[PDB]
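# Working through the structure, step by step
Each chain, letter by letter, is given below.
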2 protein chains.
Amino acid sequence: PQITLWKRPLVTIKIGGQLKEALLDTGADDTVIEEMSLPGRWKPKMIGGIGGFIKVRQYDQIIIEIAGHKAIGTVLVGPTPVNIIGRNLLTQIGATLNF
Amino acid sequence: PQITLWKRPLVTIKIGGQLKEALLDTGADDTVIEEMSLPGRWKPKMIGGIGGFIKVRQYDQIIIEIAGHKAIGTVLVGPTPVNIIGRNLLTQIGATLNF
Ligand SMILES: COc1ccc(S(=O)(=O)N(CC(C)C)C[C@@H](O)[C@H](Cc2cccc(-c3cc(OC)cc(OC)c3)c2)NC(=O)OC(C)(C)C)cc1
Ligand SMILES: [Cl-]
Ligand SMILES: [Cl-]
Ligand SMILES: [Cl-]
Ligand code: NA
């Protein structure tokens with residue numbers, strides 16, 4: 001698809017068998033989703049945003065569908081109001097920015 | 001241009017007579033620039049994201065050239081860790097996400 005930016009670029013994702021809404025975010029290096037349970041072991045990670053740094057849980061090799069495209073990769077879980085799809089998975093679905 | 005997302009989508013901007021590097025950020029509602037002086041009136045605003053909220057100054061009707069494309073809109077100035085071009089200006093240069 002071709003998505004304009006007059007509104008937030010929200011799409012549906014499916015993770016752990018659940019539908020959720022998430023933001024396609026070219027300014028996020030990594031994908032960060034709201035607290036939920038995921039399978040397997042996690043590793044610690046620090047990420048920095050507009051207000052400072054926080055601790056999140058890093059889960060590798062997680063299956064996630066994004067706007068109907070299958071991806072498998074790293075998902076960080078932490079306290080956020082929004083699910084954010086960052087560049088590590090935008091590249092797996094072939095997304096580019098165009099103007 | 002078509003910008004892939006293997007790396008951060010960084011571009012040159014010109015604002016307030018200054019050349020800067022900034023991140024094209026579809027996840028940002030607003031454009032936020034590191035501390036600098038801008039002409040005109042401003043009012044305080046709080047903006048939040050990973051890590052919490054920061055206080056910024058909101059300047060309206062500011063012109064920015066983004067990778068060679070002129071746009072006008074509101075610009076927030078504050079202690080952001082990176083210059084961010086958000087959707088309020090991305091729309092003006094006709095930027096889209098495609099996959
Ligand atoms: C390394 O991987 C990542 C690191 C940091 C982020 S991020 O979310 O901090 N961010 C990186 C940017 C800021 C350099 C992605 C942004 O696009 C962010 C994504 C984004 C979109 C929508 C809501 C929130 C958000 C997150 C919160 O987490 C606690 C709290 C919150 O409260 C309002 C808002 C975050 N939006 C944003 O910061 O917008 C403003 C600059 C205008 C504030 C994402 C992945
Ligand atoms: Cl200055
Ligand atoms: Cl604006
Ligand atoms: Cl348009
Ligand atoms: Na003004």
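Method-wise, the PDB entry is recorded as coming from X-ray crystallography, at a reported resolution of 1.53 Å.

Chain A is annotated in the PDB entry as Protease from Human immunodeficiency virus type 1 BH10.

## What about the relation of the copies chain B and chain A?
Superposing chain B onto chain A takes a rotation of 178° combined with a translation of 0.3 Å along the rotation axis, leaving an RMSD of 0.6 Å. The relationship between the two copies is best expressed as a two-fold rotation axis. When C-alpha distances to the rotation axis are compared across chain B, the minimum falls at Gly51(B), with a value of 2.0 Å.

## Details of the UniProt feature "active site" in chain A
If you check UniProt for "active site", the listed places come out as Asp25(A) in our numbering. Secondary-structure assignment places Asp25(A) in the loop between β3 (18-24) and β4 (32-33). Relative accessible area serves as the criterion here: at 8%, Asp25(A) is assigned to the buried category. Not counting chain neighbours up to four residues away, the residues in contact with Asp25(A) comprise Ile84(A), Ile85(A), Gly86(A), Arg87(A), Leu90(A), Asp25(B), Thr26(B) and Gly27(B). Of the polar contacts made by the side chain of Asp25(A), one reaches the backbone nitrogen of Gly27(A); its length is 2.9 Å.

## Some remarks on the layout of surface pockets
Left-over empty space is what a probe sized like a water molecule reveals as it rolls over the atoms. What the largest pocket holds in volume is close to 1,200 Å³. Every element with two or more residues in the lining of the largest pocket is listed here: β5 (43-49) and β6 (52-66) of chain A together with β5 (43-49) of chain B. For the lining of the largest pocket, the element with the most residues is β5(A), which contributes five residues. For the lining of the largest pocket, a count of residues per class yields 22 nonpolar, 10 polar and nine charged.

## Examining the environment of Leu76(A)
Residue and element names in this part refer to chain A. Here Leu76 is to be found in strand β7 (residues 69-77). On the basis of relative accessibility, which here comes to 2%, the residue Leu76 falls in the buried class. The spacing of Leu76 and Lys43 is 33 residues in sequence and 9.5 Å in space, taken between C-alpha atoms. The residues contacting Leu76, other than those within four sequence positions of it, are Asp30, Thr31, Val32, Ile33, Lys45, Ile47, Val56, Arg57 and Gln58.

## Quick notes on the environment of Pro44(A)
Residue and element names in this part refer to chain A. Within the secondary structure, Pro44 is located in strand β5. Exposure remark for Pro44: the relative accessible area of 68% places this residue in the exposed category. Separated by 31 residues in the primary sequence, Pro44 and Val75 have C-alpha atoms spaced 12 Å apart.

## Some thoughts on the site of ligand 1
Every one of the 22 residues lining ligand 1 counts as a neighbour, but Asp25(A), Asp30(A), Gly49(A), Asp25(B) and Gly27(B) are closest to it. Surrounding ligand 1 is a set of residues that belongs to chains A and B. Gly27(B) is positioned such that a nitrogen or oxygen atom in its backbone is 3.2 Å from a nitrogen atom of ligand 1. Taking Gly49(B), its main chain carries an N or O atom lying 3.4 Å from an oxygen atom of ligand 1. Relative to its unbound accessible surface of 910 Å², ligand 1 loses 86% to contact with the protein. One can see that ligand 1 is located within the largest pocket. Counting residues per element, the ones that place at least two in the shell around ligand 1 are β5 of chain A together with β5 of chain B. Among the residues forming the shell around ligand 1, the class breakdown is 10 nonpolar, seven polar and five charged.

About the criteria used
Residues numbered from 1 in each chain as written, not as in the entry; some residues may be left out. Chains lettered and ligands numbered in written order. Heavy atoms only, no water. Least-squares fit on C-alpha atoms. UniProt positions renumbered as here; feature names shortened; annotations may be inferred. Helix = DSSP H or I, 4+ residues; strand = E, 2+ residues; numbered from the N terminus. Buried < 20%, exposed > 50% of the residue type's maximum accessible area, 1.4 Å probe, protein only. Contact = heavy atoms within 4.5 Å. Polar contact = N/O pair within 3.5 Å; in protein donor to acceptor, adjacent residues only side chain to side chain. 1 Å grid on protein atoms, 1.4 Å probe; cavity = no way out; pocket = protein on both sides within 12 Å on 5 of 7 lines; lining within 4 Å. Points joined across faces, edges and corners; volume = space filled by probe spheres on them. Nonpolar A, V, L, I, M, F, W, Y, C, P; charged D, E, K, R; others polar. Near = heavy atom within 4 Å. Areas by Shrake-Rupley, 256 points an atom, 1.4 Å probe, with all protein chains shown as cover. Sits in = over half its atoms within 2 Å of the grid points.

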